[PDB]
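*Asks:* take a look and give me a structure for this.
(one chain, ligands or ions: 1)
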Amino acid sequence: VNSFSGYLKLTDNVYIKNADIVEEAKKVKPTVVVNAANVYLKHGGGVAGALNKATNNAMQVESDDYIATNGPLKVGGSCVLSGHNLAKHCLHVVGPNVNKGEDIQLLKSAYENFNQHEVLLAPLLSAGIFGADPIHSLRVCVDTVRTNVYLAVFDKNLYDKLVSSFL
Ligand SMILES: O=C(N[C@H]1c2cccc(O)c2C[C@H]1C(=O)O)c1ccc2[nH]cnc2c1
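*Replies:* Residues are numbered from 1 along each chain as shown. Below is the structure:
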């Protein structure tokens, strides 16, 4: 039993809720919140800009030190950093950004990072400003992630389409 509330159960391990991941993060204090990161961990907009704003820019400060030490992530890769006031940990995962021409097949590799964590609050990778089809992203998620994933979908309209079209 865990503290996630109001989710629709899609599969044995995937749940989905129309929710603001920031607000859901502040209420649940999940062990892991996933950020829709880029390789530079520049949290300027979309989910990343919202999560970082909610941390009063502490996420960005920590991220800049991480990059200065380690260099950029790979597309499809991830790193674990602090969750600040939102979660114990933030798993920064880089899905491909279609608006940069990145290979959508790397989306499966991106979701594989989730399997290193028993339970996660997460957005749909490569959705929103990353330019992929959220329905495809949901399919890859369900077919790749084996751990327990609670997907927060900000847009109510999108959410209802994802539910209604789910196979
Ligand atoms: O842009 C957001 N979400 C999308 C996104 C963004 C970046 C990468 C992604 O893979 C996705 C999936 C989309 C979604 O889940 O709706 C988002 C969320 C909460 C917010 N609060 C204030 N502004 C917010 C913006």
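*Asks:* whichever strand or helix holds residue 27 and the ligand in contact?
*Replies:* Per DSSP states H and E, residue 27 falls inside helix 21-28. Yes: using C-beta under 6 Å from any ligand atom, helix 21-28 reaches the ligand at 21, 22. Backbone N, C-alpha and C define where each C-beta goes, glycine included.
*Asks:* for that helix, enumerate the helices and strands it packs against.
*Replies:* Using 3 or more C-beta pairs under 8 Å, 6 or more residues apart in numbering; DSSP states H and E, the elements in contact with helix 21-28 are helix 46-54, strand 119-122, strand 148-153.
*Asks:* turn those into a markdown table, columns for distance to residue 19 and mean neighbour count.
*Replies:* Shown next, in a markdown table, are the helices and strands packed on helix 21-28 (distance: least, C-beta to C-beta, whole Å; neighbours: other C-beta atoms under 10 Å):
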| stretch | distance to residue 19 | mean neighbour count |
| --- | --- | --- |
| helix 46-54 | 12 | 21 |
| strand 119-122 | 9 | 22 |
| strand 148-153 | 4 | 24 |
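*Asks:* any idea how far residue 88 is from the ligand?
*Replies:* Residue 88 sits 20 Å away from the ligand, going by C-beta to the nearest ligand atom, to the nearest Å.
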